Amino acid sequence: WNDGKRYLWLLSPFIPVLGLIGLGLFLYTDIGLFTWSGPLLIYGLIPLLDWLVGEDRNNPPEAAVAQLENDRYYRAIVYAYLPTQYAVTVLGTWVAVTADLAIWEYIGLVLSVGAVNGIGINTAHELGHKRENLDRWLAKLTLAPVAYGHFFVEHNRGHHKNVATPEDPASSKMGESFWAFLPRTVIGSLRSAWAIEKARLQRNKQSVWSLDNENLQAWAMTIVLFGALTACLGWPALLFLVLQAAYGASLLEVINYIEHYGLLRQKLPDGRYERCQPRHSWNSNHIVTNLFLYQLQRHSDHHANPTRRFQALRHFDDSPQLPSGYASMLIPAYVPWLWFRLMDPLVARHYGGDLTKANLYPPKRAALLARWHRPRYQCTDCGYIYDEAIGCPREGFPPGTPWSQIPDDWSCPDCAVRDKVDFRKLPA
Ligand SMILES: CCCCCCCCCCCC
Ligand SMILES: [Fe+3]
Ligand SMILES: [Fe+3]
Ligand SMILES: [Fe+3]
């Protein structure tokens with residue numbers, strides 16, 4: 001079974017090359033428009049190829065899935081992204097602090113570098129799920145230029161666990177404007193990351209202000225990079241880096257807004273939420289954007305099986321579908337009323353006119369209800385095996401720890417989507 005779209009994945013590592021070409025053209029021909037090579041590319045060009053080329057509801061055969069995850073080329077693709085984002089950042093900073101510029105082209109440079117680092121954040125997300133030790137460090141390195149390093153902890157252990165619940169500071173509520181959502185998600189991510197790492201360290205009988213704190217390990221790389229650039233160039237370099245990092249963080253947060261807008265997970269008869277399923281996240285199958293990003297828009301199979309590699313994701317008929325691709329709907333997300341008009345009918349239709357099973361904004365509940373309501377152990381998902389003789393030293397359990405001493409709320413440390421009570425006791 002020939003994959004077909006094998007070499008077409010190369011567009012994903014090609015975006016930083018596009019930014020580099022734009023910077024080179026600006027430096028050579030001295031034309032201002034070439035600075036805006038990022039905003040134009042991700043606002044007018046991509047949501048034009050997305051219109052030209054339609055859907056694709058295709059899945060790999062089950063037999064071929066075994067060998068798709070053992071191909072080194074699909075990992076070389078992701079690895080190739082790294083040694084061009086740093087080049088783009090360095091060149092952009094040098095140009096912004098050295099060459100004479102007007103205000104608007106300075107803004108264009110900021111936006112271009114920020115966009116490159118936002119797709120860098122996407123690559124970091126793709127890298128941080130793999131259980132290989134080297135990939136975690138590579139993801140931490142990738143998150144450095146955008147200065148948002150706590151993502152590696154938060155996404156892996158507080159978002160994938162609290163999907164589509166009124167507690168997660170990463171799931172939208174229907175009726176909530178984006179600008180009323182950005183501070184909430186940013187602050188909640190900070191607090192949750194700090195709390196998670198402090199809890200783990202305290203369980204390990206060690207102070208939070210230690211070199212083992214992964215948040216500090218992630219932020220040290222950003223501190224080092226920014227300090228080196230500032231020492232080489234000066235304060236304007238620091239200002240430019242701060243602005244571009246802010247824009248990249250905004251780019252990540254708008255996608256977080258889009259993914260799970262309005263959905264909700266139903267409580268089990270006992271006091272816990274049901275396991276995450278493909279019907280708890282929006283999905284789309286637009287070819288061009290799924291090529292420029294690493295199969296990102298299929299945020300159902302990944303977000304219910306957070307170990308399948310990006311080349312083996314599937315399409316599920318039960319999931320809700322977006323009107324278009326992600327890049328197609330970024331302008332109709334900064335504008336609140338337009339986004340509401342586009343989305344609210346779709347949510348109501350998906351829930352069959354019964355909006356008592358939706359994540360409703362508390363201040364706007366009554367209006368929406370008036371307008372729309374017309375009625376040895378193993379993990380069963382990722383295969384991780386816990387052995388009493390080996391134990392889990394990272395989580396604070398020394399070797400020789402009987403299964404009874406594990407807390408009931410403990411979750412699988414490869415996927416964090418199954419609790420202790422969901423494991424299966426393997427036979428001797
Ligand atoms: C939850 C996965 C994070 C995805 C990060 C992508 C952010 C950049 C997307 C830009 C699309 C135009
Ligand atoms: Fe998500
Ligand atoms: Fe993920
Ligand atoms: Fe697991």
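The first residue of the sequence shown is numbered 1, and numbering continues consecutively from there.
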To the nearest 0.5 Å, tell me how far [X] [atom1] sits from [Y] [atom2].
| X | Y | atom1 | atom2 | answer |
| --- | --- | --- | --- | --- |
| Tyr79 | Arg75 | OH | CZ | 6.0 Å |
| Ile121 | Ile255 | CD1 | CD1 | 11.0 Å |
| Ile15 | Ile46 | CD1 | CD1 | 6.5 Å |
| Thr84 | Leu18 | OG1 | CG | 11.0 Å |
| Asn213 | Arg200 | CG | CZ | 8.0 Å |
| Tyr326 | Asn122 | OH | CG | 10.5 Å |

Taking [Y]'s backbone N and O only, do any of them form a donor-acceptor pair with [X]'s side chain (distance below 3.5 Å, no angle check)?
| X | Y | answer |
| --- | --- | --- |
| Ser189 | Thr185 | yes |
| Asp135 | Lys130 | no |
| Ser328 | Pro47 | no |
| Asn117 | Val146 | no |
| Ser319 | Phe316 | yes |
| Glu274 | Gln266 | yes |
| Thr222 | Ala144 | yes |
| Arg131 | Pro413 | no |
| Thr29 | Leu25 | yes |
| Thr165 | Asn162 | yes |

Please check if the number of heavy atoms outside [X] that lie under 6.0 Å from its [atom1] is greater than 12.
| X | atom1 | value |
| --- | --- | --- |
| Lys198 | NZ | no |
| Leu33 | CG | no |
| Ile390 | CD1 | no |
| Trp194 | CH2 | yes |
| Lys173 | NZ | yes |
| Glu132 | CD | no |
| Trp1 | CH2 | yes |
| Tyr28 | OH | no |

Which heavy atom of [X] sits nearest a heavy atom of [Y], and at what distance?
| X | Y | result |
| --- | --- | --- |
| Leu263 | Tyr351 | CA-OH, 3.5 Å |
| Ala245 | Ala147 | CB-CB, 4.2 Å |
| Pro332 | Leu342 | CB-CD1, 3.7 Å |
| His159 | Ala170 | ND1-CB, 3.4 Å |
| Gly128 | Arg136 | O-NE, 4.4 Å |
| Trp372 | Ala348 | CE3-CB, 3.7 Å |

Given side chains that start at C-beta, do those of [X] and [Y] come closer than 4.5 Å, heavy atoms only?
| X | Y | result |
| --- | --- | --- |
| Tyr43 | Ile331 | yes |
| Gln244 | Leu109 | no |
| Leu127 | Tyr81 | no |
| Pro145 | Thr89 | yes |
| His129 | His160 | yes |
| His315 | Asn58 | no |
| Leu82 | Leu138 | yes |
| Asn285 | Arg298 | yes |

| task | Scan residues 256-271 for pairs that pass salt bridge (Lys or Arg N to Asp or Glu O under 4.0 Å), counting only residues two or more places apart or in two chains. | result |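 Sorted pair list comes back empty.
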
| request: Can you run down the salt bridge (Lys or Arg N to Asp or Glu O under 4.0 Å) pairs that involve residues 355-381, sequence neighbours left out, and say none if there aren't any? | output: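 The answer is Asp381-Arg418.
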
| query | Relative to the ring of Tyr294, is the ring of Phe310 parallel (under 30°), tilted (30 to 60°) or perpendicular (over 60°)? | reply |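 Judged by the thresholds at 30° and 60°, the geometry between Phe310 and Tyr294 is perpendicular.
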
| query | What orientation do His155 and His303 show, parallel under 30°, tilted 30 to 60°, or perpendicular over 60°? | reply |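 Rings of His155 and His303: perpendicular, as their planes differ by over 60°.
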
Testing the 3.5 Å rule here: is there a donor-acceptor pair between the side chains of [X] and [Y]?
| X | Y | value |
| --- | --- | --- |
| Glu154 | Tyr148 | no |
| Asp301 | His299 | no |
| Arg309 | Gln311 | no |
| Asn283 | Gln297 | no |

| request: Tell me, with the steps shown, if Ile385 and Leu426 meet side-chain contact (heavy atoms from CB on, under 4.5 Å). | output: CA-CA 9 Å; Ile385 288 187; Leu426 285 176; 3.8 Å; yes

| Steps toward side chain to side chain donor-acceptor pair (under 3.5 Å) verdict (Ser300, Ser281) | CA-CA 6 Å; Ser300 301; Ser281 68; 3.1 Å; yes

Taking the ring centre of each residue, are [X] and [Y] less than 6.0 Å apart?
| X | Y | answer |
| --- | --- | --- |
| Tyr386 | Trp403 | yes |
| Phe26 | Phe34 | no |
| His280 | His260 | no |
| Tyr261 | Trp339 | yes |

| said: Go through it in stages, so that I can follow the logic: the residues are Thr142 and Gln85, the test is side-chain contact (heavy atoms from CB on, under 4.5 Å), and I'd like the CA-CA distance, side-chain angles, deciding distance and then a yes or no. | reply: CA-CA 9 Å; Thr142 304; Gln85 170 187 4; 3.8 Å; yes

| query | When you check the gap from the basic side-chain N to the acidic O, do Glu176 and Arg184 get nearer than 4.0 Å? | reply |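 Between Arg184 and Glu176 there is a salt bridge, with a charged N closer than 4.0 Å to a carboxylate O.
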
| said: For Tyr74, does the six-membered ring have the charged nitrogen or CZ of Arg6 within the cation-pi criterion, i.e. under 6.0 angstrom from the centroid and within 45° of the normal? | reply: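 Judged by the rule (NZ or CZ under 6.0 Å from the ring centre, within 45° of its axis), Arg6 counts as positioned above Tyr74.
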
| Within 45° of the axis and under 6.0 Å from the centre of the six-membered ring of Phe152, does NZ or CZ of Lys140 qualify? |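 Because its charged atom sits under 6.0 Å from the ring centre and within 45° of the axis, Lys140 does stack over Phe152.
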
| request: Go through the steps to decide whether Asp168 and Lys161 satisfy the test salt bridge (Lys or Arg N to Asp or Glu O under 4.0 Å), and finish with yes or no. | output: CA-CA 9 Å; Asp168 183 29; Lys161 186 167 147 284; over 6 Å; no

| request: Starting from the C-alpha separation in whole Å, work towards a yes-or-no answer on salt bridge (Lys or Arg N to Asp or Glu O under 4.0 Å) for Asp344 and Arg349. | output: CA-CA 9 Å; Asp344 289 348; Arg349 185 158 75 65; over 6 Å; no

